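Below is one structure, written out as structure tokens, with a few remarks after it.
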Amino acid sequence: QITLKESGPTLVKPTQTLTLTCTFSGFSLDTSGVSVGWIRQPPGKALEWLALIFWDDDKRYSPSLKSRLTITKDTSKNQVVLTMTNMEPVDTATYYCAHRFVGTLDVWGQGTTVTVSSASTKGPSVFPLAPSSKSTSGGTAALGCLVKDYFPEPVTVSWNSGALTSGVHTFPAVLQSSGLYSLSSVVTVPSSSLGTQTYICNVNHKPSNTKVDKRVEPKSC
Amino acid sequence: XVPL
Amino acid sequence: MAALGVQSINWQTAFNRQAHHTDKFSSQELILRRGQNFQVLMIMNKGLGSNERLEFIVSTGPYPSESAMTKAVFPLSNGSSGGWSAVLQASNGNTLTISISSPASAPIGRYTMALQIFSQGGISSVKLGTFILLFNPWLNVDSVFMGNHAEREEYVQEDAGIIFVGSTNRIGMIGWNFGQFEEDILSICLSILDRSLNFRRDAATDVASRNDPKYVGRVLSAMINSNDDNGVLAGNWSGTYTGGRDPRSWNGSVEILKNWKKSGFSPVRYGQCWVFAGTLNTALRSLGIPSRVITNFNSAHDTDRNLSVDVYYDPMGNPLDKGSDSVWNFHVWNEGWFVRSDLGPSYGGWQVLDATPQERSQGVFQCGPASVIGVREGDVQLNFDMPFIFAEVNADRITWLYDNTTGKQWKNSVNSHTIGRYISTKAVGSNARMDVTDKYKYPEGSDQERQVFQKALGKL
Amino acid sequence: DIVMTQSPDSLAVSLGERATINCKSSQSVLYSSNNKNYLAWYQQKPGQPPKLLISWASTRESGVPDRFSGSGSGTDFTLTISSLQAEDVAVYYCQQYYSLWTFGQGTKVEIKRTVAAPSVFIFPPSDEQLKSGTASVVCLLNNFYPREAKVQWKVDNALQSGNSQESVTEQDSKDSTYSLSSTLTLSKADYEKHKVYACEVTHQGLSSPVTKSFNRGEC
Ligand SMILES: [Ca+2]
Ligand SMILES: [Ca+2]
Ligand SMILES: [Ca+2]
């Protein structure tokens, strides 16, 4: 199988210079006829192709963006680098790298999100949403974690270290008026289980290097 | 006299 | 009593034509070669007084002039001069024995000769006659000099020859009657020069340029094909030869050139490469340019000046129908023998001339001369048409990959030796095939052969 | 140069029905030399990058179910899903690679299914958060269809405004419904002053509003 992973600064202040790095495995950018490319997707918008480098270091850019862009590869490290200048909030988006051979762009990274902001980092705190009589119904109780006041985005949330995936809802984040993010994850479980079985939510905010494990503890009221 |  | 005038002149035609090696043409005319003197007997009405003067006048073409070297005025003399001259060898009563010589740089063609006499304080002027003047390959100072006698007899005086044909697998031959000596043919070939574009647009300059075999040679490469100028032959490779003769039905030049003349200089239908090459060979040998016929198997037609025959594919394998580049099973052209004062001492000898209309050159279907030596050394920035002719004998066949999305293309394979094989001309004295491949290029597979190809690619 | 225009813009089919999605091109994307159509179709699930379904207009990528088929030539193309499964809900993009790369705006595809009121659950602020000196109260709407819902808060029967934010999930891949969360955000001061906290819920499936309440207390 092929896989690709993007990497670089999540936050980036206006009129600066974004540098992203694609690391890939399961082909060689030294093979004749092979290319790697970048695409970005602004929040709620269409995908935009940005650039592309070949095995022999021929290159192509979006004509509209050519003046801002730079693409390099380091074929020793299986890596390709992207350089966009003068980052404005308009350019806040999710940024993907992709493999190309003979077809179109067939295999895409997971994508890293890039925020263009003067604000500073902030790590969240993690309050529980305990299950009570007032979140039960029909032998189904609802519990959850509230991840409040972080920046920038992203934040990942897991349940029982991924052991629980069924009936989990992790809502999108909301930008609070305070200028920080906050989001909630909730899972519905049986009432029977609440007594016997444990529920821990697993929170990770990388920009700020926060890793919390909050156990949600069944309330009796 | 002919094209290949 | 009476003033000095000419009674009659004996041109001693038989004798002079033998000495000038023009004795084989079927013609009553005085045919001469430049540089070499000829002897005439001039019978006057009296002896020469030591107060009187005789002046000779020669002119060629419609606007002759001293400055352009197409008219000359020269006294009867004892001194041999540099240019045109007339030497008095003996007087015997009224009869003068005179030796006349032409410069080795004189324009070839038809000339008129007149004599102007200054006597009894008066001036008279009478036309003596006309002659033809050709290139002189027996003369060490002429640009067309060919010193070896066997080679000269083949490449000038031999009126029948052999053209190689077919493909690499199966080389064959056909007889061809050049027929330069048959009635009216020398005359027709001279006609040709008087019907070029060059001549139609500036006759005076064209005729002055007829001293130069590079010029005469290239004019011929144009005028032997119909394109542009109503020249001799019209090519047809359609396979359907309605309204004329199948190219495979000609056996020599004589019918062709005669049919051209007889139709009032209307193109003759139809020819292919060997038919052009054979007809051009007649013209060259007629005028005194030693020449031969060259055949090339797997001959490249490059149509975009990159020294390669390009085939195109998508990166998935499907073939893209792009490019014009092609390759013939065989092609035939000519080489003519002369020094190249325009190029340098190292570039004389055989020069490619091609009358087959393949590519245009300064807007006209013409081709050459190209130093064969030059082509071999990859010196393809030189005159004339050296990129085309390099491709012919030593193109690389390249398969290209083309990515439509990005418009990138790149080399896929290179075949550096399939082009230009078994390059062939008739043997001196026999009908054997000489290979001259190694005269056109360095040995396939060698280092030097690749380093020239490179040199040449950078000379574009 | 080349502009990619999808239709419709969005689409709800019943489970197991045919879903059709169209794409038009500014110009022909058919290369005359190989007679191949340089068009592609992607699928994008929520929280994931796009996955390539179909190159060359019609050839389907290794591993893609047979129910996804691509048709068309020149400038008009069509992506057909023969029997729509609950897990096919996503945004389908068309793309041209005749001349560099441009995409369609995208088409959203959802399961049409029965109406289905929300279940409302409520979550008092945490003791751990009262110490911080704000108080977040949380109303949860769980598994409703369709999407459109409304939450208002009353606190001691006072309608709120300017102190609450909502967030909605995309459609599920199993029961094919939505969930929504409302957070009312107070100073500890004020969450201290009042007694009766209630969210109040509007949906298609309800004939009047549903309230779910708690009074502050140990119970
Ligand atoms: Ca012509
Ligand atoms: Ca070419
Ligand atoms: Ca070669």
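Identifiers in the structure tokens: chain A, B, ... in order shown; residue index from 1 per chain; ligand index from 1 in order shown.
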Return as a compact mmCIF listing (two decimals) with N, CA and C atoms, in the first residue's frame every polymer residue, whether protein, DNA or RNA, with at least one atom no more than 6 Å from an atom of ligand 2; count only C-alpha atoms and all ligand atoms.
```
# COMPACT_ATOMS: atom_id res chain seq x y z
N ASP C 302 13.57 14.44 -41.62
CA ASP C 302 13.29 15.23 -40.43
C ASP C 302 12.63 16.54 -40.85
N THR C 303 11.57 16.91 -40.14
CA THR C 303 10.70 17.98 -40.58
C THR C 303 10.65 19.07 -39.52
N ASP C 304 11.68 19.15 -38.66
CA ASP C 304 11.67 20.10 -37.55
C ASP C 304 13.08 20.28 -36.94
N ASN C 306 15.84 19.04 -35.62
CA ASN C 306 16.36 18.65 -34.31
C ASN C 306 17.28 17.41 -34.42
N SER C 308 16.64 14.38 -35.40
CA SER C 308 16.04 13.16 -34.86
C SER C 308 14.68 12.90 -35.47
N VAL C 309 14.32 11.62 -35.53
CA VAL C 309 13.03 11.18 -36.04
C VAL C 309 12.16 10.80 -34.86
N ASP C 310 11.09 11.57 -34.62
CA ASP C 310 10.40 11.53 -33.34
C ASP C 310 9.08 10.79 -33.50
N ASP C 325 7.91 13.71 -38.94
CA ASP C 325 9.13 12.92 -39.20
C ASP C 325 8.77 11.58 -39.86
```
Protein and nucleic residues near ligand 1, 10 Å, only C-alpha atoms and all ligand atoms, as a count of residues only: 25
Residues of chain A within 8 Å of chain C, counting only C-alpha atoms, as a ChimeraX atom specification: /A:33,60,102
Contacts of residue 107 (chain A) within 9 Å, only C-alpha atoms, excl. fewer than 6 positions in-chain, as a PDB file with N, CA and C atoms, in the first residue's frame:
```pdb
ATOM      1  N   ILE A   2       0.385   2.395  -0.598  1.00  0.00           N
ATOM      2  CA  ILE A   2       1.000   3.735  -0.487  1.00  0.00           C
ATOM      3  C   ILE A   2       0.374   4.508   0.687  1.00  0.00           C
ATOM      4  N   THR A   3       1.202   5.324   1.372  1.00  0.00           N
ATOM      5  CA  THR A   3       0.699   6.290   2.349  1.00  0.00           C
ATOM      6  C   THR A   3       1.587   7.553   2.364  1.00  0.00           C
ATOM      7  N   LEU A   4       0.953   8.686   2.736  1.00  0.00           N
ATOM      8  CA  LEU A   4       1.588   9.999   2.753  1.00  0.00           C
ATOM      9  C   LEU A   4       1.140  10.740   4.015  1.00  0.00           C
ATOM     10  N   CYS A  97      -0.997  16.468   0.561  1.00  0.00           N
ATOM     11  CA  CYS A  97      -0.120  16.027  -0.512  1.00  0.00           C
ATOM     12  C   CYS A  97      -0.686  14.745  -1.116  1.00  0.00           C
ATOM     13  N   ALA A  98      -0.298  14.463  -2.370  1.00  0.00           N
ATOM     14  CA  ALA A  98      -0.891  13.361  -3.123  1.00  0.00           C
ATOM     15  C   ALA A  98       0.118  12.773  -4.105  1.00  0.00           C
ATOM     16  N   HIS A  99      -0.060  11.466  -4.386  1.00  0.00           N
ATOM     17  CA  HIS A  99       0.783  10.766  -5.341  1.00  0.00           C
ATOM     18  C   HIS A  99       0.117  10.806  -6.707  1.00  0.00           C
ATOM     19  N   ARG A 100       0.950  10.877  -7.749  1.00  0.00           N
ATOM     20  CA  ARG A 100       0.478  10.871  -9.108  1.00  0.00           C
ATOM     21  C   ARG A 100       1.427  10.054  -9.956  1.00  0.00           C
TER      22      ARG A 100
ATOM     23  N   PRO D  50     -10.309  13.490   0.311  1.00  0.00           N
ATOM     24  CA  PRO D  50     -11.016  12.849  -0.781  1.00  0.00           C
ATOM     25  C   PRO D  50     -10.348  11.545  -1.245  1.00  0.00           C
ATOM     26  N   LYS D  51     -11.207  10.581  -1.665  1.00  0.00           N
ATOM     27  CA  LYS D  51     -10.806   9.248  -2.124  1.00  0.00           C
ATOM     28  C   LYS D  51     -11.274   9.083  -3.562  1.00  0.00           C
ATOM     29  N   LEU D  52     -10.411   8.527  -4.406  1.00  0.00           N
ATOM     30  CA  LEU D  52     -10.621   8.596  -5.855  1.00  0.00           C
ATOM     31  C   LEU D  52     -11.404   7.374  -6.269  1.00  0.00           C
TER      32      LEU D  52
END
```
Exercise answer, 10 Å around ligand 3 with only C-alpha atoms and all ligand atoms, as a PyMOL selection string: chain C and resi 308+390-391+393-397+415-421+441-446+449-450+452-453
Atoms to include: N, CA and C atoms. Write the selected residues as a PDB file, in the first residue's frame.
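And here's result.pdb as it stands now:
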```
ATOM      1  N   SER C 308      16.638  14.380 -35.398  1.00  0.00           N
ATOM      2  CA  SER C 308      16.045  13.159 -34.857  1.00  0.00           C
ATOM      3  C   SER C 308      14.684  12.905 -35.472  1.00  0.00           C
ATOM      4  N   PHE C 390      22.318  15.984 -42.546  1.00  0.00           N
ATOM      5  CA  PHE C 390      22.805  15.236 -41.388  1.00  0.00           C
ATOM      6  C   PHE C 390      21.716  14.264 -40.913  1.00  0.00           C
ATOM      7  N   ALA C 391      20.500  14.770 -40.703  1.00  0.00           N
ATOM      8  CA  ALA C 391      19.394  13.916 -40.309  1.00  0.00           C
ATOM      9  C   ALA C 391      19.271  12.739 -41.280  1.00  0.00           C
ATOM     10  N   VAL C 393      21.290  10.924 -43.013  1.00  0.00           N
ATOM     11  CA  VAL C 393      22.241   9.829 -42.989  1.00  0.00           C
ATOM     12  C   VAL C 393      22.515   9.384 -41.549  1.00  0.00           C
ATOM     13  N   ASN C 394      22.231  10.247 -40.549  1.00  0.00           N
ATOM     14  CA  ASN C 394      22.703   9.988 -39.182  1.00  0.00           C
ATOM     15  C   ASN C 394      21.771  10.608 -38.113  1.00  0.00           C
ATOM     16  N   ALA C 395      20.460  10.678 -38.387  1.00  0.00           N
ATOM     17  CA  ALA C 395      19.463  10.946 -37.338  1.00  0.00           C
ATOM     18  C   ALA C 395      19.471   9.831 -36.300  1.00  0.00           C
ATOM     19  N   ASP C 396      19.089  10.187 -35.068  1.00  0.00           N
ATOM     20  CA  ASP C 396      18.684   9.206 -34.074  1.00  0.00           C
ATOM     21  C   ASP C 396      17.167   9.089 -34.106  1.00  0.00           C
ATOM     22  N   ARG C 397      16.659   7.875 -34.050  1.00  0.00           N
ATOM     23  CA  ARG C 397      15.237   7.670 -33.883  1.00  0.00           C
ATOM     24  C   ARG C 397      14.906   7.665 -32.395  1.00  0.00           C
ATOM     25  N   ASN C 415      17.382   5.102 -30.588  1.00  0.00           N
ATOM     26  CA  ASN C 415      18.022   4.184 -31.508  1.00  0.00           C
ATOM     27  C   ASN C 415      18.957   4.967 -32.436  1.00  0.00           C
ATOM     28  N   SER C 416      20.255   4.741 -32.263  1.00  0.00           N
ATOM     29  CA  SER C 416      21.261   5.674 -32.727  1.00  0.00           C
ATOM     30  C   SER C 416      21.933   5.156 -33.989  1.00  0.00           C
ATOM     31  N   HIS C 417      21.432   4.051 -34.544  1.00  0.00           N
ATOM     32  CA  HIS C 417      22.169   3.386 -35.616  1.00  0.00           C
ATOM     33  C   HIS C 417      21.247   2.842 -36.707  1.00  0.00           C
ATOM     34  N   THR C 418      19.923   2.922 -36.522  1.00  0.00           N
ATOM     35  CA  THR C 418      19.019   2.404 -37.537  1.00  0.00           C
ATOM     36  C   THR C 418      19.049   3.307 -38.788  1.00  0.00           C
ATOM     37  N   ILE C 419      19.455   4.593 -38.647  1.00  0.00           N
ATOM     38  CA  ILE C 419      19.344   5.535 -39.772  1.00  0.00           C
ATOM     39  C   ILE C 419      20.642   5.554 -40.582  1.00  0.00           C
ATOM     40  N   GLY C 420      20.485   5.468 -41.908  1.00  0.00           N
ATOM     41  CA  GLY C 420      21.567   5.728 -42.846  1.00  0.00           C
ATOM     42  C   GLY C 420      22.458   4.505 -42.999  1.00  0.00           C
ATOM     43  N   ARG C 421      22.067   3.599 -43.898  1.00  0.00           N
ATOM     44  CA  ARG C 421      22.715   2.299 -44.008  1.00  0.00           C
ATOM     45  C   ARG C 421      23.128   2.070 -45.454  1.00  0.00           C
ATOM     46  N   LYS C 441      29.737   9.521 -42.088  1.00  0.00           N
ATOM     47  CA  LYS C 441      29.681   9.504 -40.621  1.00  0.00           C
ATOM     48  C   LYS C 441      30.740   8.580 -40.010  1.00  0.00           C
ATOM     49  N   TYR C 442      31.011   8.802 -38.724  1.00  0.00           N
ATOM     50  CA  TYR C 442      31.904   7.953 -37.958  1.00  0.00           C
ATOM     51  C   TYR C 442      31.206   6.632 -37.683  1.00  0.00           C
ATOM     52  N   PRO C 443      31.954   5.575 -37.311  1.00  0.00           N
ATOM     53  CA  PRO C 443      31.395   4.231 -37.279  1.00  0.00           C
ATOM     54  C   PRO C 443      30.335   4.057 -36.206  1.00  0.00           C
ATOM     55  N   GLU C 444      29.157   3.542 -36.614  1.00  0.00           N
ATOM     56  CA  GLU C 444      28.048   3.360 -35.688  1.00  0.00           C
ATOM     57  C   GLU C 444      28.508   2.530 -34.484  1.00  0.00           C
ATOM     58  N   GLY C 445      28.101   2.949 -33.292  1.00  0.00           N
ATOM     59  CA  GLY C 445      28.466   2.257 -32.072  1.00  0.00           C
ATOM     60  C   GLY C 445      29.729   2.850 -31.417  1.00  0.00           C
ATOM     61  N   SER C 446      30.478   3.701 -32.148  1.00  0.00           N
ATOM     62  CA  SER C 446      31.726   4.258 -31.613  1.00  0.00           C
ATOM     63  C   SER C 446      31.458   5.483 -30.744  1.00  0.00           C
ATOM     64  N   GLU C 449      31.257   8.911 -32.895  1.00  0.00           N
ATOM     65  CA  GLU C 449      30.004   8.987 -33.626  1.00  0.00           C
ATOM     66  C   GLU C 449      28.933   9.668 -32.773  1.00  0.00           C
ATOM     67  N   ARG C 450      29.067   9.513 -31.457  1.00  0.00           N
ATOM     68  CA  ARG C 450      28.115  10.047 -30.509  1.00  0.00           C
ATOM     69  C   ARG C 450      28.497  11.491 -30.141  1.00  0.00           C
ATOM     70  N   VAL C 452      29.984  13.515 -32.100  1.00  0.00           N
ATOM     71  CA  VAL C 452      29.648  14.377 -33.243  1.00  0.00           C
ATOM     72  C   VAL C 452      28.191  14.682 -33.144  1.00  0.00           C
ATOM     73  N   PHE C 453      27.393  13.633 -32.943  1.00  0.00           N
ATOM     74  CA  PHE C 453      25.976  13.823 -32.846  1.00  0.00           C
ATOM     75  C   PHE C 453      25.703  14.941 -31.841  1.00  0.00           C
TER      76      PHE C 453
END
```
At most 9 Å is the cut-off: for each residue in chain C with any atom that close to an atom of chain D, write down the nearest atom pair and the distance in Å rounded to one decimal, counting only C-alpha atoms, chain first then increasing number, as CSV.
```
residue,atom,partner,partner_atom,distance
C:314,CA,D:34,CA,7.8
C:318,CA,D:34,CA,6.3
C:319,CA,D:34,CA,7.0
C:320,CA,D:33,CA,5.0
C:321,CA,D:33,CA,5.9
C:322,CA,D:33,CA,8.0
C:404,CA,D:98,CA,6.7
C:405,CA,D:99,CA,4.5
C:406,CA,D:100,CA,6.0
C:407,CA,D:99,CA,8.4
```
File of the preceding selection, N, CA, C and O atoms, as a JSON list (two decimals), in the first residue's frame:
```json
[["chain", "number", "residue", "atom", "x", "y", "z"],
["C", 314, "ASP", "N", 1.62, 8.30, -25.16],
["C", 314, "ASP", "CA", 1.18, 8.64, -23.82],
["C", 314, "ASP", "C", 1.86, 7.71, -22.82],
["C", 314, "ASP", "O", 2.28, 6.60, -23.15],
["C", 318, "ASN", "N", -0.43, 4.07, -25.32],
["C", 318, "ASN", "CA", -1.19, 4.46, -26.50],
["C", 318, "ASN", "C", -0.35, 5.39, -27.36],
["C", 318, "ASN", "O", 0.40, 6.24, -26.86],
["C", 319, "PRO", "N", -0.38, 5.21, -28.69],
["C", 319, "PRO", "CA", 0.40, 6.04, -29.60],
["C", 319, "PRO", "C", -0.32, 7.34, -29.98],
["C", 319, "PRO", "O", -1.46, 7.32, -30.42],
["C", 320, "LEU", "N", 0.34, 8.47, -29.75],
["C", 320, "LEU", "CA", -0.19, 9.78, -30.13],
["C", 320, "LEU", "C", 0.20, 10.07, -31.57],
["C", 320, "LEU", "O", 1.38, 10.04, -31.92],
["C", 321, "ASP", "N", -0.78, 10.34, -32.40],
["C", 321, "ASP", "CA", -0.50, 10.60, -33.79],
["C", 321, "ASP", "C", -0.03, 12.04, -33.92],
["C", 321, "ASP", "O", -0.81, 12.90, -34.28],
["C", 322, "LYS", "N", 1.26, 12.28, -33.58],
["C", 322, "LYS", "CA", 1.89, 13.61, -33.72],
["C", 322, "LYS", "C", 3.23, 13.50, -34.44],
["C", 322, "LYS", "O", 3.82, 12.43, -34.50],
["C", 404, "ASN", "N", -0.12, 14.99, -21.51],
["C", 404, "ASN", "CA", -1.00, 16.03, -22.04],
["C", 404, "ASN", "C", -1.34, 17.04, -20.94],
["C", 404, "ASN", "O", -1.50, 18.23, -21.22],
["C", 405, "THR", "N", -1.51, 16.54, -19.70],
["C", 405, "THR", "CA", -1.96, 17.35, -18.59],
["C", 405, "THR", "C", -0.96, 18.48, -18.34],
["C", 405, "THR", "O", -1.36, 19.62, -18.10],
["C", 406, "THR", "N", 0.33, 18.14, -18.33],
["C", 406, "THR", "CA", 1.38, 19.07, -17.89],
["C", 406, "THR", "C", 2.16, 19.55, -19.09],
["C", 406, "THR", "O", 3.03, 20.39, -18.97],
["C", 407, "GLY", "N", 1.96, 18.86, -20.21],
["C", 407, "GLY", "CA", 2.61, 19.20, -21.46],
["C", 407, "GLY", "C", 4.10, 18.90, -21.40],
["C", 407, "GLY", "O", 4.83, 19.33, -22.26]]
```
Between CA of residue 350 (chain C) and CA of residue 448 (chain C), distance in Å (one decimal):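 Separation between CA of residue 350 (chain C) and CA of residue 448 (chain C): 21.7 Å.
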Residue nearest chain A - candidates D:23, D:4, D:89, D:11, atoms counted: only C-alpha atoms: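 The answer is D:4, which sits nearest to chain A.
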Residues of region 48-105 of chain D in strand (DSSP E), written as a PyMOL selection string: chain D and resi 51-55+59-60+68-73+76-81+90-96+102-103
